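Taking it in order: structure first as structure tokens, then the write-up.
2 protein chains.
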Amino acid sequence: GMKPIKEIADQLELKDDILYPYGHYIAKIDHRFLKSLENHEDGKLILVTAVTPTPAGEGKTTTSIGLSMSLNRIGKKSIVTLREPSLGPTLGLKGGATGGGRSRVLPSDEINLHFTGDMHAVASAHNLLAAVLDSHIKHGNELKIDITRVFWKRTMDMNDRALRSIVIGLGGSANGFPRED
Amino acid sequence: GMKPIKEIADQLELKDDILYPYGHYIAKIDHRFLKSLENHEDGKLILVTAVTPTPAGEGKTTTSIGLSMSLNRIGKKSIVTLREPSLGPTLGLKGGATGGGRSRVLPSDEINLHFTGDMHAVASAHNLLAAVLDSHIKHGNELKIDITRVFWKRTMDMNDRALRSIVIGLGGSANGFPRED
């Protein structure tokens with residue numbers, strides 16, 4: 000029962016030329032737009048936080064969303080900014096990163112899952128460095144990298160305890176050099 | 000019903016100066032004694048071999064010992080020479096490496112187990128090299144050893160399949176460099 004992204008974008012007076020849709024209900028906004036707006040006036044910033052978290056669940060995200068909705072409601076133009084949830088945890092347990100009840104961000108499945116691919120993009124960049132590091136070592140290690148002193152790890156957006164402590168680079172010369180990761 | 004080793008040694012005209020006892024029933028002979036005998040005549044050499052081995056077991060070692068015993072019996076002075084068995088396989092299965100029935104080499108338990116410690120000596124020397132190789136790499140690898148191209152393995156006299164393929168040198172900088180062994 001919800002609105003085409005164009006209708007949300009119109010609320011903020013955003014033009015197609017800086018909007019990249021992802022389906023009918025999501026868009027990226029070109030970040031360079033922000034520099035365009037540099038002579039424009041800042042609104043107010045409200046920081047939402049909480050008491051010491053307990054297992055009983057305090058519903059901070061639901062409240063952040065609720066607050067923005069309520070401000071709009073009382074005639075004060077408001078946007079809620081949230082972090083994108085990691086996929087991994089959701090595959091383990093339902094969480095609250097997209098709010099709850101009548102106070103959510105939508106479409107919630109997409110937001111909780113692949114969304115617009117940002118998590119994947121980060122992982123790719125991250126893992127590229129790891130792949131290049133190992134391949135540098137394999138091909139002569141001109142940088143004289145100490146394979147017992149590598150700070151950089153690999154990454155996935157998955158709750159996988161099996162990957163906490165591993166040994167890589169096995170199988171022989173063609174596969175490069177063994178090391179811990 | 001065993002003869003003290005000095006008795007056996009006497010049969011062969013071996014003097015104490017070249018005899019190193021291990022208990023009352025075993026001795027080492029100084030290898031340098033062989034060179035002493037270089038002007039003495041060689042006897043006959045009988046090679047004992049066998050048809051293609053089968054799971055039924057052909058008793059070659061038992062036969063070797065029996066032949067030597069039988070040569071002595073018919074008045075022809077004879078010595079049987081044998082390999083020392085590995086300890087490992089005996090901890091797995093009784094074998095025929097010290098003969099069988101009425102045709103054995105004695106004391107059988109000792110021969111089968113630690114004997115005079117020659118297996119332990121070999122293992123020590125072998126493992127020392129391995130240790131020194133890894134430590135060379137740890138301490139700067141001046142020889143530029145390629146840890147994916149190490150031919151040298153470690154050793155033990157034990158039937159332990161768990162050690163066929165291992166990864167060593169884990170745990171961090173203080174322990175050296177990870178490799179397969």
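Chains B and A, in that order, give the protein sequences.
So the first sequence is numbered by the deposited numbering: it starts at 0 and just counts up by one.
So the second sequence is numbered by the deposited numbering: it starts at 0 and just counts up by one.
Note that the Cβ used here is the ideal one computed from N, Cα and C, for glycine as well.
Practice problem: Let me know if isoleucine 136 of chain B comes out buried or exposed under the rule of 16 or more other beta-carbons within 10 Å of its beta-carbon. | Solution: By the 10 Å Cβ count, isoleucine 136 of chain B comes out buried.
Quiz item: Looking at C-alpha atoms only, which residue of A:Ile28, A:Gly0, A:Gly91 and A:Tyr19 is the closest neighbour of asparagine 111 of chain A?
Solution: Taking only the C-alpha atoms, the option nearest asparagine 111 of chain A is A:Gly91.
Quiz prompt | Partner residues on chain A for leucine 169 of chain B, Cβ-Cβ distance less than 9 angstroms | solution = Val166 and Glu179
Practice problem: State the Cα-Cα distance for the pair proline 88 of chain B and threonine 60 of chain B, rounded to the nearest angstrom. | Solution: 16 angstroms
Quiz item: Curious, which full-length alpha helix (DSSP H) runs of at least 4 residues does the segment 82-134 of chain A contain?
Solution: Inside the segment 82-134 of chain A, DSSP marks whole alpha helix (DSSP H) runs of 4 or more residues at positions 87-91 and 107-111, from first to last along the chain.
Quiz item: Any C-beta of chain A sitting closer than 8 angstroms to the C-beta of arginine 148 of chain B?
Solution: Taking Cβ atoms only, chain A reaches closer than 8 angstroms to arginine 148 of chain B, which makes this a yes.
Quiz item: chain B partners of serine 172 of chain A, CB-CB under 9 angstroms?
Solution: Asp145, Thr147 and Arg148
Quiz item: Is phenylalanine 32 of chain A close to chain B, meaning its C-beta is less than 8 angstroms from at least one C-beta of that chain?
Solution: no
Self-check item: Assigned exposure category for residue 253 of chain B - 16 Cβ within 10 Å defines buried
Solution: Since the first residue shown for chain B is 0 and the last is 180, residue 253 of chain B is missing from the structure and cannot be characterised.
Quiz item: Hey, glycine 171 of chain B and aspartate 133 of chain B: beta-carbon distance below 8 angstroms or not?
Solution: no
Quiz item: With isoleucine 64 of chain B and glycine 98 of chain B assumed to form a contact (beta carbons below 8 angstroms), what rounded beta-carbon distance in angstroms separates them?
Solution: 5 angstroms
Quiz item: Would you call the segment 73-87 of chain B and the segment 155-164 of chain B in contact, with 3 or more CB pairs under 8 angstroms?
Solution: yes
Quiz prompt | Neighbourhood of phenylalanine 150 of chain B by C-beta distance below 6 angstroms, restricted to the same chain and skipping five residues each side | solution = none
Quiz prompt | Where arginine 163 of chain A sits in the DSSP three-state scheme | solution = coil
Quiz prompt | Beta-carbon spacing of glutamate 83 of chain B, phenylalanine 32 of chain B below 8 angstroms | solution = No, these two residues do not count as a Cβ contact at 8 angstroms.
Quiz item: Just how far apart, CA to CA, sit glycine 0 of chain B and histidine 119 of chain B?
Solution: One C-alpha to the other measures close to 29 angstroms.
Quiz item: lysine 27 of chain B by DSSP, collapsed to three states: which one?
Solution: strand
Practice problem: Answer with buried or exposed for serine 67 of chain B, where buried requires no fewer than 16 other C-beta atoms within 10 angstroms of its C-beta. | Solution: buried
Quiz prompt | Partners in chain A for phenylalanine 176 of chain B, counting only beta-carbon separations shorter than 7 angstroms | solution = The answer, in chain order, is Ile146 and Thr147.
Quiz item: Straight-line CA distance for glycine 22 of chain B to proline 3 of chain B?
Solution: 9 angstroms
Quiz prompt | Inter-residue spacing [alpha-carbon to alpha-carbon] between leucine 13 of chain B and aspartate 108 of chain B | solution = 25 angstroms
Quiz item: Would the beta-carbon of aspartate 180 of chain A fall within 8 angstroms of that of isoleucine 167 of chain A?
Solution: yes
Quiz item: Would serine 102 of chain A be called buried (16 or more neighbouring beta carbons within 10 Å of its own) or exposed?
Solution: buried
Quiz item: To the nearest angstrom, how far is it from the Cα of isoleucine 165 of chain B to the Cα of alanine 129 of chain B?
Solution: 14 angstroms
Quiz item: From what residue to what residue does the beta strand (DSSP E) around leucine 18 of chain A run?
Solution: That run of the beta strand (DSSP E) goes 18-20.
Quiz item: Are there 16 or more other CB atoms within 10 angstroms of the CB of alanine 173 of chain A, so buried, or fewer, so exposed?
Solution: exposed
Quiz prompt | Reference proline 54 of chain B, options B:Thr80, B:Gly94 and B:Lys43, closest by Cα | solution = Distance check between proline 54 of chain B and each of B:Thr80, B:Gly94 and B:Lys43 places B:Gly94 closest, using alpha-carbon atoms only.
Self-check item: Proximal residues to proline 20 of chain A (C-beta, below 6 angstroms), its chain only, five neighbours per side dropped
Solution: Closer than 6 angstroms at the Cβ level, and outside the excluded window around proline 20 of chain A, lie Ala26.
Self-check item: Beta-carbon contacts of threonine 147 of chain A that lie in its chain and below 7 angstroms, excluding the five residues immediately before and after
Solution: Contacts found: none.
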